[PDB]
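Chemist: The structure under discussion is supplied below as structure tokens; questions concerning it will follow.
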Amino acid sequence: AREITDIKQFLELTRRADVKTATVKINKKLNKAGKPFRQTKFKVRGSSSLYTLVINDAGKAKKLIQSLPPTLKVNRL
Amino acid sequence: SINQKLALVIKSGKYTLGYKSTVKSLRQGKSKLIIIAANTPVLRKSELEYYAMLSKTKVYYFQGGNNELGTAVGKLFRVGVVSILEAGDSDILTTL
Amino acid sequence: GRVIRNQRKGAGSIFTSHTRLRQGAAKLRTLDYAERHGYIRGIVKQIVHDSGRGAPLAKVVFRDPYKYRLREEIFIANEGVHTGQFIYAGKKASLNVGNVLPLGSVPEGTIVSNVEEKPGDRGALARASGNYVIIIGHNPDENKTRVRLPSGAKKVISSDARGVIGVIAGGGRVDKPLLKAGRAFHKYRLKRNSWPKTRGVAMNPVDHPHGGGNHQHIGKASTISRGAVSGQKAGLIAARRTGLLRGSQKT
Amino acid sequence: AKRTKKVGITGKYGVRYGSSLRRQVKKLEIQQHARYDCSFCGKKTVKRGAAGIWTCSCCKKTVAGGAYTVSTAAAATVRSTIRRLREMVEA
Amino acid sequence: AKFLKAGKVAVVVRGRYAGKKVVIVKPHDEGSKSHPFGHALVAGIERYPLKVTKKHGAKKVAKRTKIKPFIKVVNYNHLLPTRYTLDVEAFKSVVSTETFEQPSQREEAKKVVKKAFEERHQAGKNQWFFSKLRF
Amino acid sequence: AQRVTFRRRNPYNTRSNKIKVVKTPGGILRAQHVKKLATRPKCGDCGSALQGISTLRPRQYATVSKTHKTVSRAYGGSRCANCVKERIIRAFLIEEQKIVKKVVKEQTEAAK
RNA sequence: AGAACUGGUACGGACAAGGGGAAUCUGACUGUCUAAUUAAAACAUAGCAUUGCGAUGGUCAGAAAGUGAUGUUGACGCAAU
RNA sequence: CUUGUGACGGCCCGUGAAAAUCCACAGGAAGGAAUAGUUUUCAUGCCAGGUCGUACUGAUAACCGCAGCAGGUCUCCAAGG
RNA sequence: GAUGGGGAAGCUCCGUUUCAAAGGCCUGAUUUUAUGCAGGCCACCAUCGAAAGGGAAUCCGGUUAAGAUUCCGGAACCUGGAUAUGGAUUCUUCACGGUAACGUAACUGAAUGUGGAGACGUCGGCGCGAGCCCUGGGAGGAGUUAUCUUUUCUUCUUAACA
Ligand SMILES: [Mg+2]
Ligand SMILES: [Mg+2]
Ligand SMILES: [Mg+2]
Ligand SMILES: [Mg+2]
Ligand SMILES: [Mg+2]
Ligand SMILES: [Mg+2]
Ligand SMILES: [Mg+2]
Ligand SMILES: [Mg+2]
Ligand SMILES: [Mg+2]
Ligand SMILES: [Mg+2]
Ligand SMILES: [Mg+2]
Ligand SMILES: [Mg+2]
Ligand SMILES: [Mg+2]
Ligand SMILES: [Mg+2]
Ligand SMILES: [Mg+2]
Ligand SMILES: [Mg+2]
Ligand SMILES: [Mg+2]
Ligand SMILES: [Mg+2]
Ligand SMILES: [Mg+2]
Ligand SMILES: [Mg+2]
Ligand SMILES: [Mg+2]
Ligand SMILES: [Mg+2]
Ligand SMILES: [Mg+2]
Ligand SMILES: [Mg+2]
Ligand SMILES: [Mg+2]
Ligand SMILES: [Mg+2]
Ligand SMILES: [Mg+2]
Ligand SMILES: [Mg+2]
Ligand SMILES: [Mg+2]
Ligand SMILES: [Zn+2]
Ligand SMILES: [Zn+2]
């Protein structure tokens, strides 16, 4: 329900010692009339709120998922 | 009366109308004399002579309200206070 | 016969006054050490219309001399009193409109209102809109004062009784005709249930002394002696005279 | 244009209540709705809130006055009379 | 004659320090590029010293005599000049137009005026200036 | 043209029962109750709606931080800015007048 | 708003939707009542007039009270006609 | 069209509730640091939130009129021509 | 509508702050120990009375033979309480910036006092919002098609909270 726009803030937020799960959503969006791009969302289920990070770059999306801690339960959908 | 002296100030000397202008003039030391209407807010009145006391400026109180003072200086609106920057050709500064 | 209407008011079932919207009992400040030895100062905050009362109220704020509080009083506004005006109450107060000088320390011919009949009862006399009291003269020894009431009757009261200087605001209220039962309806809607009034002559004889008959007529004399008992006092009670007033009242 | 001849403000009461009664209310109602000088701010911004309550829209000042006018004749005599005694007793 | 001089004491009537005594250190009648209006460089006190009695001994007095000063640019329209005065010599140099526009030298400018303020208040100097304006 | 109904057990169009018809992600029209509108805080002196202060129902004021309920000036969340200015002006002048009255009073008595 | 043209003179085409005038009696008006035979010319009303009362009071209530209504009231008020 | 709201204007001899509850300010009692404190009106972090009603009709059949009575019974939403 | 009181033979009546000796509030000491002494503080002085007045906090989707703002899934908020970390501030101890209206992530504050909110009529017109109605383009489905009709009907939605 709250937005995070800082990747550094997001990555440390995954180490809050309370979050147990997270999900990754893939969307097909149109930047303009011609080009369809792939949208990815990073949602972390905090104890008190849900934090969503949105990435419009496929390259940055991949670099992030390898950087997620292994102990975190990630859901792909 | 006294308004006839004021009328000559308007046609000859220079002056200011309104509370904000006169205190600015009084602050810079360019004011020689101020005139206060009878119905002026007494708090606004009170700070004026204190300002005048700091600047060593003569003070005179008009025997009339806002409307009478405004008509005294030949203006269609009401004036609560006027300041005399220069007599020009009048005689109010020496008298009263 | 049936209990007539004027008896039935005493029980106070539905005949009590409607007091929801009133802002409070309009009484003078209590008589304490400060007022009977000096004077105290007050500030007029609100000038409020009182429901069921023609005159407006004056809401003056005082300082408690003994504790750090801000005792707030409710006065009856005199004509000429404005918000933010300083109000002086006490024996040594200056004679100005709205002041509460005791009747002993005020010269003759002065106008006062909301006058106390006894010192310390916080105002009894001349409390209606447009009403006032004349001070005729004093009696220095056995301090005691003679005043004129709105009724035209001369009353002599103690010199230490207080009374506010001026005339009660809202005068001339009764000059305008109402023109409408609704205006009367709304007027009495906030005072008490005493309207409309039904003529006794238009009543059954069981309901009123005047009732009954093949023609609407009182029958007996309508001047009722003061010695009559409840249920007979229906009409002109203890009427010294009657009929149209031609000539001076000779009071 | 001139909408009415004599009734003036009392045209809202129509053809009823009687001419004389309509005449008296007209005289009082005009004073009721009129605008008066502000004794403090010197403006045509004094109106009646309720019976006897007259307030200045500017300067936010309220003064107690007549039920239908800012001040009646009796108070004017009283205020002078009070002032007559005041300078009589101080000197 | 103009009275807003480099030693007068005034009262701020508007702003965060409303009702605080200030002493004019550097006047500017004909405004400036940064402030196109008659302004000054007053120095004032934010936390006035507390009352001190005989009972407090040697540490409550020290605690109760703390002074929090401040320096600000203020329009003349937001000041009431007083008939009182308080000379400014030990801290008229530090208070200047370039003392502002970066925080670095602001604090030790406040540090100097803090020393001067308490030093005068330590002696029996200018009681009215150090007395809190009650309203 | 769906017609909505009250979501609670009060069928009377009272002040506490005001509704606002809204459209849900389900595609249907469902009424929702709206709370009574907040009233701006007012000045104690000038009687006007003093600004810079969040306007909520009284109980919610216990939730928000101190910043929303005050201004950084003396009489922050209580009096109007101009109201503060005039009372500061009023204070200094009258207190100064007290010295003026006092020196006059002791002067005139010393003469006699 | 206007103009041509057109029809078995039809056209607010169904629906919807004031009869009017000349006078007399009586109540000024809006309003209220005899639920279940009488809605009126009766009642009320604004206006007018009269009477009582300055509170240790007037009118009225209770068996009594250290009891009550008017009265959070004060003659431009309250009470009775 | 319905409804909410803002700024206004008109009306009064009518000016059109109270309390619980929450907050702010004034005030400066008290407590406070430097080898360490102060702070839970900033963020995050933990736990708990009892008791009672919750079905349906609400009317030419679920209510009262002896009844499955053409009577009576408060209210919300209201498409097109 | 009790109590203190006052009537009445009595069932009970009057009265709700009144001719009353009408109490708890918080801090600290004592760590034989539980709480009396240390204090200070304050003056209404029972209670009941509204499922339409005031009032802390929830929405969406789905599910049953019959329940749902209550159940399931997801996402929030309030009150009360224990707290640990981060942040903030301090050697000028209890923050800074802006001329100003004022701004921020915070940014001591007891007794006492003041203010605000709660908290408010009705009518008329005007502006603005939401929902509904109307309608175009397009993307799907259905109807009529002896003849005509880029046609007729229908779906295209986004809650609380941040
Ligand atoms: Mg009646
Ligand atoms: Mg009969
Ligand atoms: Mg009989
Ligand atoms: Mg008879
Ligand atoms: Mg409710
Ligand atoms: Mg703010
Ligand atoms: Mg804000
Ligand atoms: Mg019948
Ligand atoms: Mg009939
Ligand atoms: Mg009749
Ligand atoms: Mg009586
Ligand atoms: Mg409606
Ligand atoms: Mg209005
Ligand atoms: Mg249910
Ligand atoms: Mg149900
Ligand atoms: Mg149902
Ligand atoms: Mg139904
Ligand atoms: Mg139904
Ligand atoms: Mg039945
Ligand atoms: Mg009882
Ligand atoms: Mg209860
Ligand atoms: Mg309730
Ligand atoms: Mg209400
Ligand atoms: Mg909600
Ligand atoms: Mg159901
Ligand atoms: Mg759930
Ligand atoms: Mg900061
Ligand atoms: Mg309020
Ligand atoms: Mg959205
Ligand atoms: Zn004014
Ligand atoms: Zn203000």
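Using the numbering of Swiss-Prot, the residues shown for chain B are 9-104, in order.
Method reported for this entry: electron microscopy, 3.1 Å.
Cβ atoms are placed via backbone N, Cα and C, with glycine included.
If you look up Swiss-Prot, you'll see B:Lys22, B:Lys53, B:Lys83 marked as ubiquitin cross-link.
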Chemist: Rounded to a whole number, how many Å is the Cα of B:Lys53 (ubiquitin cross-link) away from the Cα of B:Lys22 (ubiquitin cross-link)?
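Modeler: Their Cα atoms are separated by 22 Å.
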Chemist: Expressed to the nearest Å, what is the distance separating B:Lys83 (ubiquitin cross-link) and B:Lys22 (ubiquitin cross-link) at their Cα atoms?
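Modeler: Here the two Cα atoms are 15 Å apart.
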Chemist: So which of the recorded sites is most packed in, judged by how many other Cβ atoms lie within 10 Å of its Cβ, out of B:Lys22, B:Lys53, B:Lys83?
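Modeler: Its Cβ has the most other Cβ atoms within 10 Å: B:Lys53.
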Chemist: Any idea what DSSP makes of B:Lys53 (ubiquitin cross-link), helix, strand or coil?
Modeler: helix
Chemist: Using DSSP reduced to three states, classify B:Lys83 (ubiquitin cross-link) as helix, strand or coil.
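Modeler: Note: B:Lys83 (ubiquitin cross-link) is coil by DSSP, not helix or strand.
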